[PDB]
Amino acid sequence: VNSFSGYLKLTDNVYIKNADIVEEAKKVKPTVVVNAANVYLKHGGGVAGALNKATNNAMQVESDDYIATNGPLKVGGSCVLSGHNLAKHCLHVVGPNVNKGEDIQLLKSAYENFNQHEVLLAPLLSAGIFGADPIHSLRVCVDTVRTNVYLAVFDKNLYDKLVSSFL
Ligand SMILES: NS(=O)(=O)c1cc(Cl)cc(Cl)c1
């Protein structure tokens, strides 16, 4: 049994809710929240900008030190950093950004990072300002992630379309 409440069950392991991932993280304090990161861990906008704002920029300060030591992530890659006030850990995952022309096949590699964690609160990778079709992102999630994933979707319109169209 876990703390997550109000989710619709899509599969054995994937759950979805119309929610504010920031507000959901603040309530649950999950072991892992996933960030929709870029390779530079520059948390300017989208989910990353919202998560970072909720940490009062501490996520960005930590991320800048990580990049100064390790250099950029790979598209499809990830790193584990602090969850600050939101979670124990933040798994920063880089999905392909279609608005940069990145290979959408890298979306499966991105989701494979989730399998290193038993339970996660996450957004749909490559959705929103990363330009991918969120319906496609949810299909790749269900077909790739084997651990227990709680997906948060703020836009009620998109949430309803994802549920109604789910095979
Ligand atoms: N992707 S997100 O969680 O940052 C998000 C999306 C919308 Cl449409 C509104 C808010 Cl307040 C937050």
Side-chain angles (χ1 to χ4, degrees), residues 1-26 28-39 43 46-51 54 59 73-84 86-99 102-166:
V1 172
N2 67 51
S3 168
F4 286 108
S5 172
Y7 288 72
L8 176 69
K9 183 171 181 57
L10 295 175
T11 71
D12 182 59
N13 67 297
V14 178
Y15 293 81
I16 195 167
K17 185 185 178 176
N18 178 217
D20 187 327
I21 194 172
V22 171
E23 289 308 311
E24 190 78 359
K26 280 198 291 185
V28 174
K29 290 293 234 87
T31 304
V32 181
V33 64
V34 175
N35 181 34
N38 60 52
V39 295
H43 308 304
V47 166
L51 291 170
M59 177 181 284
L73 300 176
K74 299 172 180 179
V75 180
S78 70
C79 67
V80 180
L81 290 173
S82 181
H84 299 278
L86 302 180
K88 186 175 197 288
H89 306 285
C90 179
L91 181 70
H92 293 273
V93 180
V94 186
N97 188 327
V98 174
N99 305 317
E102 297 169 349
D103 171 18
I104 195 60
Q105 298 306 134
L106 287 168
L107 186 55
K108 187 170 184 76
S109 301
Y111 274 115
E112 288 169 342
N113 297 287
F114 291 22
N115 290 320
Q116 299 295 317
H117 301 280
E118 287 192 347
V119 182
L120 314 88
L121 172 62
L124 288 167
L125 299 181
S126 298
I129 69 174
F130 282 61
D133 175 6
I135 294 171
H136 176 65
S137 182
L138 177 56
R139 182 31 62 188
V140 178
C141 181
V142 161
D143 291 346
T144 307
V145 180
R146 297 177 301 285
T147 57
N148 292 325
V149 57
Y150 288 86
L151 293 169
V153 177
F154 185 90
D155 188 73
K156 170 56 149 151
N157 182 293
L158 173 61
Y159 171 84
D160 287 348
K161 181 169 142 137
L162 284 167
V163 168
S164 288
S165 58
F166 183 71

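Throughout, numbering of the chain's residues begins at 1 and tracks the sequence.
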Review point. Is the side chain of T147 donor-acceptor paired with the backbone N or O of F114 at a distance under 3.5 Å, no angle test?
Key: yes
Revision key, fill the gap. Closest heavy-atom pair, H84 versus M59, reported as atoms and distance to 0.1 Å, is NE2-CA, 3.6 Å
Practice item. Return yes if some donor-acceptor pair links the side-chain N/O of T144 with the main-chain N/O of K108 below 3.5 Å, else return no. Key: no
Review point. Does CG in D12 sit with more than 12 non-hydrogen atoms of other residues, nucleotides or ligands closer than 6.0 Å?
Key: no
Revision key, fill the gap. Smallest heavy-atom separation, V149 atom then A122 atom, equals CG2-CB, 4.1 Å
Exercise for review: Please name the residue in the list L124, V34, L106, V142 that meets the side chain to side chain contact (heavy atoms under 4.5 Å, CB included) test with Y111.
Suggested key: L124
**Study point:** Rounded distance (nearest 0.5 Å) linking atom CG of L138 with atom CG of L125
**Key:** 11.0 Å
**Study point:** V163 and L8: CA distance, side-chain angles, deciding distance, side-chain contact (heavy atoms from CB on, under 4.5 Å) verdict
**Key:** CA-CA 9 Å; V163 168; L8 176 69; 3.6 Å; yes
Check your understanding: Rounded to the nearest 0.5 Å, how far does CG of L51 lie from NE2 of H92?
Key -> 8.5 Å
Exercise for review: Show the numbers, then the answer: is there a side-chain contact (heavy atoms from CB on, under 4.5 Å) between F4 and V119?
Suggested key: CA-CA 10 Å; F4 286 108; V119 182; 3.9 Å; yes
Check your understanding: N97 side chain to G131 main-chain N or O, any donor-acceptor pair under 3.5 Å?
Key -> no
Exercise for review: Decide yes or no on side-chain contact (heavy atoms from CB on, under 4.5 Å) for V47 and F130, but give the supporting numbers first.
Suggested key: CA-CA 10 Å; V47 166; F130 282 61; over 6 Å; no
Review point. About how many Å separate NE2 of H89 and SG of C79, when rounded to the nearest 0.5 Å?
Key: 12.5 Å
Practice item. Kindly compute the distance separating CG (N38) from CD (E102), expressed to the nearest 0.5 Å. Key: 9.0 Å
Check your understanding: So, does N148 use its side chain to make a donor-acceptor pair with the main chain of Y15 at under 3.5 Å?
Key -> no
Exercise for review: Considering non-hydrogen atoms only, spot the tightest contact between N13 and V145 and give its length.
Suggested key: ND2-O, 2.8 Å
Practice item. Keeping the roles fixed (side chain from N35, backbone from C90), state whether a donor-acceptor pair exists under 3.5 Å. Key: no
**Study point:** Rounded distance (nearest 0.5 Å) linking atom CD1 of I16 with atom NZ of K9
**Key:** 13.5 Å
Revision key, fill the gap. Tightest non-hydrogen contact, residues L151 and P123, listed as CD2-O, 3.9 Å
Point to revise | Atom pair OG1/CG of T31 and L91 - distance to nearest 0.5 Å | key: 12.5 Å
Revision key, fill the gap. In short, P96 meets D103 closest at the heavy-atom pair CB-O, 3.3 Å
**Study point:** Minimum heavy-atom distance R146-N115, with the two atoms named
**Key:** N-OD1, 2.7 Å
Review point. Does any N or O in the side chain of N18 come within less than 3.5 Å of the main-chain N or O of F154, such that one atom is a donor and the other an acceptor?
Key: yes
